[PDB]
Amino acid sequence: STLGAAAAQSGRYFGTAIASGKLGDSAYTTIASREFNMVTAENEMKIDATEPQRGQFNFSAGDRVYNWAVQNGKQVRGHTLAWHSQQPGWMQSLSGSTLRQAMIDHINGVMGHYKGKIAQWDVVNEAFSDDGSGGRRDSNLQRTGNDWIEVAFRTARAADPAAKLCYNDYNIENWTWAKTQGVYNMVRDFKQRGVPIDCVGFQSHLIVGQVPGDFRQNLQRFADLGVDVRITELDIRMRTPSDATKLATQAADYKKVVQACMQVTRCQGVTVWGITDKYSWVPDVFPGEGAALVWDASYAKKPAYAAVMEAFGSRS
């Protein structure tokens, strides 16, 4: 009778991003423990949250989410080890070999701490540009060398040989996009040379009524590379206010995305980025847009809920 349980029927999972700060919200926690069987810390395990000062790791917030998740019979997705965004001030200032080393020490430290606790990590996040060239994003990390990604994955594997290592990114859900091609070729290259990479995370921060038509095919192509694929931060935004028609379309979009995963044997699961629309990051990064999740601001199930349930238990 829950989404996680429905997903479980086919050996898949349905997860969400958990914000420790909201673990006090009874309505929030109620849905959190019942509906999902997979958890991603929304912010608690990022670079700035885990290593505030170089060499000075603080896993308080992260462990808060991990314990809660475990206490509630849920697995946890590690997010994230290397990223240009949300870096602590000390790291932002670093560059060159020092940054490279700081990146490496960070991976070891964080993974050393969760070794045996968290089995999958979004090692590198959003390394490709959105400029339309399909090339790497020009970040302080990228400037340390084009090989920083590979190094991050090799480091992660060495730190914990049992963790599934994922590359995570957005705007790579459509095969015709430059960005998607850029990511595909990297992964393909990684698989050819033996670089440690087990999965590709498709953030899937989509637009209502504009879900890539080849979403399933694209997922399959990546899976054919020999890596698992996962929808890691699903939310389908619309221009607010929401209305019956937009909500219905959203329901259909949600079913398409989940159904696409159901048709790709290597698609391990779907994680929606949040529980209720009232705590969604969407309105902040995309002004005028929102109502992207399965529960509205009043914690009421949206039409998408039944669509997701339907997508997991049947095929059109």
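One rule holds for the numbers: they count along the sequence shown, beginning at 1.
Between 289 to 297 and 17 to 25, it is 17 to 25 that carries the larger average Cα temperature factor according to the deposited entry. The PDB entry records a higher mean C-alpha B factor for 95 to 103 than for its counterpart among 95 to 103 and 110 to 118. Remark: of 88, 78, 194, 212, 88 shows the highest value [criterion: C-alpha B-factor in the PDB entry]. Annotation for 244, 236, 183, 156: 244 ranks highest, by Cα B-factor. In the deposited entry, the Cα temperature factor of residue 68 sits in the middle third of values across the chain's modelled residues. Residue 141: CA B factor lies in the highest third for its chain, per the PDB record.
In this PDB entry, residue 147 carries a Cα temperature factor that places it within the highest third of its chain's modelled residues. Among all modelled residues in this chain, the alpha-carbon of residue 74 has a temperature factor (C-alpha) in the highest third. In this PDB entry, residue 62 carries a Cα temperature factor that places it within the middle third of its chain's modelled residues.
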